[PDB]
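The structure appears right after this line, and notes come after that.
Computed from heavy atoms alone, side chains included, the values below leave out hydrogens, waters and symmetry copies. Chain A is the first sequence line, chain B the second, and so forth, proteins listed ahead of strands; every chain is numbered from 1.
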Amino acid sequence: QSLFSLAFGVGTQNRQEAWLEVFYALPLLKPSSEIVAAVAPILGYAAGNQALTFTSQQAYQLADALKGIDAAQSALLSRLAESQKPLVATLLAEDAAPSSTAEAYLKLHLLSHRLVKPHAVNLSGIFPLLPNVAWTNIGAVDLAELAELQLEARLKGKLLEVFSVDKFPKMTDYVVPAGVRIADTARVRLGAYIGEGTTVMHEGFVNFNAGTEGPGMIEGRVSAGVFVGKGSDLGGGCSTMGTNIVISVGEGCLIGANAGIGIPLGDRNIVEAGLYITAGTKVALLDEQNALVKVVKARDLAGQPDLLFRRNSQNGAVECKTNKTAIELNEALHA
Amino acid sequence: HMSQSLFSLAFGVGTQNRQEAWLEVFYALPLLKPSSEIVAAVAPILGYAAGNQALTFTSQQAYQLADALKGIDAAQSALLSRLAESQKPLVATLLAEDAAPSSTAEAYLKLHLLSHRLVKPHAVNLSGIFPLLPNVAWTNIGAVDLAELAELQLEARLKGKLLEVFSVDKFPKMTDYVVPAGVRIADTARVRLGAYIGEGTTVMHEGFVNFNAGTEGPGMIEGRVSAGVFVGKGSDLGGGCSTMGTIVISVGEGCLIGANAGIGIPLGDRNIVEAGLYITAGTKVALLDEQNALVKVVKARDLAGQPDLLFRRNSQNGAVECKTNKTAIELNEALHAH
Amino acid sequence: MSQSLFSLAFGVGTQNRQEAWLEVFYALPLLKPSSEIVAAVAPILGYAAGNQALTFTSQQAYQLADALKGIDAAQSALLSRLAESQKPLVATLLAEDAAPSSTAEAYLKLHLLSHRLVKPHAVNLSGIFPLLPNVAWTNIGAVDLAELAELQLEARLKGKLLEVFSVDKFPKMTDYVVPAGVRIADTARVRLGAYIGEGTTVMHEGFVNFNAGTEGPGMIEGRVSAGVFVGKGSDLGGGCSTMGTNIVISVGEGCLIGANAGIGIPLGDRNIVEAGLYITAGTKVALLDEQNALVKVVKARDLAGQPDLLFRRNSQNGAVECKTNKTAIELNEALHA
Ligand SMILES: CC(C)(COP(=O)(O)OP(=O)(O)OC[C@H]1O[C@@H](n2cnc3c(N)ncnc32)[C@H](O)[C@@H]1OP(=O)(O)O)[C@@H](O)C(=O)NCCC(=O)NCCS
Ligand SMILES: CC(C)(COP(=O)(O)OP(=O)(O)OC[C@H]1O[C@@H](n2cnc3c(N)ncnc32)[C@H](O)[C@@H]1OP(=O)(O)O)[C@@H](O)C(=O)NCCC(=O)NCCS
Ligand SMILES: CC(C)(COP(=O)(O)OP(=O)(O)OC[C@H]1O[C@@H](n2cnc3c(N)ncnc32)[C@H](O)[C@@H]1OP(=O)(O)O)[C@@H](O)C(=O)NCCC(=O)NCCS
C-alpha cells in the first residue's frame with residue numbers, strides 16, 4: 001500500500017550490536033509508491049513496520065535504483081555508501097506504536113523536521129525503545145563502554161565530554177529546521193516541534209511531542225505533549241504542567257515570567273508574572289466592571305479566550321479579568 | 001574636518017559563508033580610544049579614509065601592518081604577525097565614532113568592547129544591531145551558516161563523528177571570545193557575547209546575562225539579567241529570579257533578590273525581595289513605616305530607586321508589603337520631593 | 001605507627017605552567033583500601049603517614065602495577081594504563097577523613113561522593129573552596145585562566161573553536177563519572193561532588209550542587225543546593241528551589257515539591273508543596289486539621305520535618321495553609337515533642 005513513512009538512516013551500535021541511535025538526513029512522510037517499489041526488493045521489505053539493516057553495497061544499488069525517480073534520496077544513499085557506520089532503512093506501513101529503536105527515532109525525526117505535529121503520531125511505548133545513552137563529543141556511547149573511553153581520552157591529554165546522559169538526544173544534533181532560533185540547544189529534545197519564527201531562549205525548554213506553531217518567544221518550559229499556538233509568548237522561567245486533560249496554549253497568549261499553567265489556555269489569555277494557575281485553583285471570575293460573577297476552579301475556565309489571570313496584590317485572591325458580561329460568562333461556563 | 005581620534009579599532013579574524021557574508025568576527029585585543037600613532041601607521045595600508053569602517057585585509061597586508069606597528073604597539077604588532085598566518089579571513093574595523101552600527105564586523109566589535117569590559121552597558125550605541133547579527137549555528141567546528149549545516153551534519157555522521165550544534169542564535173556565547181579576569185561562569189551557554197561580567201562576579205548555572213547587561217562586580221548571579229539590566233556592587237540575585245525585559249530596569253548596590261522572585265521595577269540600593277515574590281510595575285504595595293503601620297498603598301512603580309526597602313508577601317492575608325525603617329514624613333519626602 | 005586508610009586513589013590530572021594542579025581524574029577510587037594494597041604501594045610512592053597527595057612517575061607507575069599484580073587486578077590494570085600517560089600522575093592516600101589539604105585531595109573527596117562511595121554530609125569538605133582553583137573547562141580539558149586567551153587565538157587562526165563551556169571551581173560531574181542507573185539531561189547542571197542516586201533522573205531544569213543529591217529513585221527538575229539531600233522516591237518539579245546554607249535543608253521520602261515552588265525548611269516524609277509556593281522558614285502558616293479547621297498559626301520552621309503535610313496558598317484569601325490528616329490534639333503534640 002501507501003507507506004506512512006520511510007527513511008534511510010545511519011546510526012550507532014554498541015558492542016552487543018544494540019542500536020543506540022539513528023540519524024535520518026531526509027525522512028519522508030507518505031513516500032511515493034514509485035520510491036517504495038524501487039527500494040522494497042533490494043532491502044527485503046515485504047510488509048508492515050520494519051527496521052531493515054542494509055549494506056554499503058546495497059546502498060549503491062538503492063542509489064542507482066532511485067536515480068531518476070527521486071534525485072534527493074539517491075544522492076543521500078550515495079553518501080550513505082561511503083559510511084563507516086551501520087545503516088538502517090526503516091519503512092513504516094502504518095502509524096502504529098513503535099516496535100524498534102530505529103522506528104522510535106524516525107518518529108521523533110518526523111516531529112522535529114516538522115513533517116507531523118505533536119499528537120499527530122503514535123509514540124506509545126517509545127520509552128523502552130530509547131536506550132539511555134551517553135551523548136558525547138564523539139557521538140553516542142553505550143554506558144557500559146563509557147568509563148573506559150573517558151580514561152583513554154584523559155591518558156592522551158584530551159577530554160571525552162559527556163554533555164547528556166539520557167534516552168533522548170538534543171534535537172539540533174539531528175535537525176535545525178528553517179526559521180528558528182534556539183539559544184541553548186541542550187534544552188530542546190529530538191522530537192520537539194519548533195515552528196517557523198519561534199525563538200527558544202536560554203531559559204526555554206521544549207520536550208518531545210511538544211512545541212510551537214510559530215511564531216513565538218519561548219523562555220519557559222513546554223512539557224511533553226504541550227503545543228503552543230501562533231504568536232504566543234512564554235516568559236522566562238514559566239512552567240507548563242505535564243502528564244487525561246492535555247495542556248495547550250492558544251494563539252496570542254502571554255504567560256508571564258516565573259508563572260505557570262496547569263490548564264489549557266484559550267486564545268489571547270494572559271497570566272501574570274509569578275502566578276501559577278493550577279487546575280484546582282479557585283479563581284474569582286470578574287465581568288467587565290470588575291464585579292464578582294462567581295468563584296470557579298481554573299479547570300472550568302479552560303479554553304476560554306480573552307482572560308487575564310492575576311493574583312490580587314492586596315487581598316491575595318486569584319482573579320480572572322474579562323471584557324465580558326456576567327450572563328455571557330455564565331453561558332460560556334455551561335456550554 | 002580631516003581624519004580624527006577614533007572611538008575604537010580592532011583587528012579581527014572571522015568566518016564567512018559560501019556567499020561571503022560575515023557570520024562572526026573574533027577580536028583578540030580590541031582597543032578603546034586607540035592612539036593617533038596606531039591609526040596613522042595603519043590607515044594608509046588598510047585604505048581607511050574616514051568614519052566607521054569594516055575593512056577586509058590580506059595576509060600580506062597583515063605582515064605590512066605588523067611591521068608598521070613594530071615599535072608603536074608591541075602587542076598589536078605581535079597579533080598581526082599571528083593573524084598573517086591565519087587560514088580564515090581578516091577584517092580591520094575602525095570606528096571614528098560610537099554610532100549605530102552599520103556592519104556585522106562593527107556589531108561584533110561593540111559586543112567585544114562590552115564583554116572585555118572596555119565599556120559598560122548603555123555607554124555604547126547598539127541601536128539596530130539585530131539585523132547585522134545573522135542567525136548562525138554555533139558548533140564545535142565554529143560558526144556554520146544555516147543553509148550549509150544539514151550537509152555538514154551528514155558528513156560528520158558518515159565518519160562516525162558528531163557535528164555538535166550547541167546554539168542556533170544571533171548571539172554566540174561570550175566565553176567563546178573572552179573570559180574577563182576575576183569571573184566565574186558555571187554554565188557559559190547562559191552568558192551572551194555583549195554581557196559585562198564585573199570583577200568578582202559569579203554566575204551560577206541558573207544565572208543568565210543577556211547582551212548590554214550585567215554586573216558591576218562583585219556579586220552572585222543565579223537569576224536572569226535581561227538585556228539593558230545592570231546590577232550594582234555586592235548585589236545578589238537568587239536562583240531562578242527574574243528581571244523584566246523591555247523604562248530601564250536596574251539593580252542597585254547590596255540588594256538581595258530572593259530565589260524565584262522577580263522585579264519589574266528598578267530596585268534602589270539595599271532592597272530585598274522575598275523568595276517567590278514577583279514585584280510587577282503595577283503591583284499594589286502596602287508601604288509600611290517602622291512600627292509596621294500602613295502609610296499609603298502605592299504602585300510598585302512609585303517605589304522605583306528607593307533605598308532600603310524590604311518587599312514581602314504577607315503569608316496570612318496575601319497583601320504585598322514593602323517594609324521600611326522610615327517615618328511617614330520621611331516616606332512622603334522620598335516619594336514626592338522635587 | 002602507619003594506619004588503615006580512609007581512601008586512596010591513583011589519578012591523572014592537569015597542571016598549569018607554574019606546576020599548580022588544576023584538576024585530577026580518578027578512574028577507580030578506593031574507600032577503605034585494604035592494608036595489602038597500602039603495603040604494596042606505600043614504599044614505592046614514599047608514603048609515610050597521614051594525608052598525602054604524592055606525585056609519581058611513569059616508571060613508578062609500572063612498578064606499582066607490578067606490585068599490585070595479584071593483589072588487586074583492577075588497580076594494577078589502571079596503573080599500567082597510567083604508565084602510558086602524557087599527563088602528570090598523583091597518588092592520593094588519605095589516612096583519615098579530615099579537612100582537605102590539597103587540590104588532589106579535594107578532587108578525590110568529590111569523586112568519592114559522585115561514585116556514591118560516600119553520601120552527602122558523610123565526608124569532611126571543610127575549607128575546600130580555596131583548594132579548587134578557578135579553571136576554564138574546555139573541549140581540550142582544564143585550562144588555566146592566564147593561558148586561555150592565547151589558546152583561544154591559536155584555535156581561531158586554524159579556523160577551529162576552543163569551546164569554553166564552564167569557568168568555575170567545580171567541573172561537571174559526568175566528565176569524571178557517570179554512576180550506574182542514572183539520567184542527567186543537561187550535564188552542565190550537575191557538579192562533581194554531586195551524589196546522584198540509582199533510579200534518579202535529573203531533567204534539563206534540574207540542578208545538583210556538590211555535597212548534595214538524591215537517594216534514588218526520583219525525578220529532579222529543580223535546584224538541589226549544596227548540602228541538600230533528597231530522600232527515596234521524591235519528585236522535584238520544574239524550576240522548584242531548595243534554599244542554600246543553621247538548619248540543614250533536606251527533603252524526605254516520597255515528597256512532591258511542585259513546579260516553581262521552594263522550600264527554606266527541611267521537608268519531612270510525604271510532604272507536598274503546591275506549585276508556585278515558596279515556603280521560607282519565617283513564613284506564617286495556617287495549620288489546619290483533618291476537618292480543615294484552623295488549629296494554630298505557626299512558623300514553617302516549626303512544622304519542619306513533619307510527615308504528611310500539604311503546603312498550599314489559599315487562592316481566595318492569600319493565607320499559606322498546611323493541610324493534614326491529623327486531629328488538633330495529634331498536631332499540638334508534634335509541635336511539643
Ligand atoms: C498582569 C499584567 C499583564 C497586568 O498589567 P496591565 O493590566 O497590562 O497594566 P497595568 O499595571 O496598568 O494594569 C492596570 C491596573 O491593575 C493594577 N494591578 C496590576 N496588577 C495588580 C495586582 N496583581 N493586584 C492588584 N492590582 C493590580 C495596576 O495598579 C493598575 O491599577 P489602576 O487601575 O488603579 O491604575 C502584568 O502586570 C504582568 O504580570 N505582565 C507579565 C509580563 C511578563 O512576565 N513577561 C513578558 C516578557 S518580559
Ligand atoms: C523576605 C525575607 C528576607 C524575610 O526574612 P527576614 O527579614 O531575614 O527575618 P525573619 O524571617 O525572622 O522575619 C521576622 C518576622 O517576620 C515574619 N515573616 C517573615 N516572612 C513573612 C511573610 N511572608 N508573611 C508574614 N510574616 C512573615 C517572621 O515570621 C517573623 O515574625 P515574628 O515578628 O512574629 O517573629 C526572607 O524570608 C527571604 O525570602 N529571603 C530570600 C533569600 C533567597 O531566597 N535567596 C538567597 C540565596 S541563598
Ligand atoms: C496543591 C496540589 C498538590 C493540590 O492538588 P490535589 O489535592 O491533588 O487535587 P485537587 O485539585 O482536587 O485539590 C482538592 C481541593 O483543593 C482545591 N485547591 C487546590 N489548590 C488550592 C488553592 N491554592 N487554594 C484554594 N483551594 C485550592 C481544589 O479546588 C479542590 O477543592 P474542592 O475540595 O472544593 O473540590 C496541586 O494543586 C499542586 O500544586 N501540585 C504540584 C504538581 C507539580 O507542580 N509538579 C508535579 C510534577 S509534573
Contact check, side chains of [X] and [Y], non-hydrogen atoms, under 4.5 Å:
{"X": "A:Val165", "Y": "A:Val162", "result": "yes"}
{"X": "B:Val225", "Y": "B:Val231", "result": "yes"}
{"X": "A:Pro177", "Y": "A:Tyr193", "result": "no"}
{"X": "B:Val209", "Y": "B:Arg224", "result": "no"}
{"X": "A:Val133", "Y": "A:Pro169", "result": "no"}
{"X": "C:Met203", "Y": "C:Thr201", "result": "yes"}
{"X": "B:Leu126", "Y": "B:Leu114", "result": "yes"}

Search all heavy atoms of [X] against all heavy atoms of [Y] and return the closest pair with its distance.
{"X": "A:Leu129", "Y": "A:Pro98", "value": "CD1-O, 3.3 Å"}
{"X": "A:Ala224", "Y": "A:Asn207", "value": "N-CB, 3.4 Å"}
{"X": "C:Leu161", "Y": "B:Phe166", "value": "CD2-CZ, 3.8 Å"}
{"X": "B:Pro121", "Y": "B:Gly214", "value": "CG-N, 4.2 Å"}

- Message: For B:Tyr108 and B:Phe171: C-alpha separation, side-chain torsions, deciding distance, then whether ring pair (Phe, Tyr, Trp, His ring centres under 6.0 Å) applies.
- Response: CA-CA 9 Å; B:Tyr108 271 78; B:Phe171 295 80; 8.3 Å; no

- Item | Approximate separation, where rounding is to 0.5 Å, of C:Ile140 CD1 and C:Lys160 NZ |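 The distance works out to 10.0 Å.
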
- Query: So A:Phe208 and A:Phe127, would you call those rings parallel, tilted or perpendicular, with 30° and 60° as cut-offs?
  - Reply: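 Answer is perpendicular, since the angle exceeds 60°.
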
- Message: Working note: A:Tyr174 + A:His109, criterion ring pair (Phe, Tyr, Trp, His ring centres under 6.0 Å); need CA distance, chi angles, decisive distance, verdict.
- Response: CA-CA 8 Å; A:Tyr174 296 75; A:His109 274 73; 5.3 Å; yes

Whether [Y] and [X] form a salt bridge (side-chain N of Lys/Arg under 4.0 Å from carboxylate O of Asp/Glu) is what I want to check.
{"X": "A:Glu21", "Y": "A:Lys85", "answer": "no"}
{"X": "B:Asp169", "Y": "B:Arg192", "answer": "yes"}
{"X": "B:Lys159", "Y": "A:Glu82", "answer": "no"}

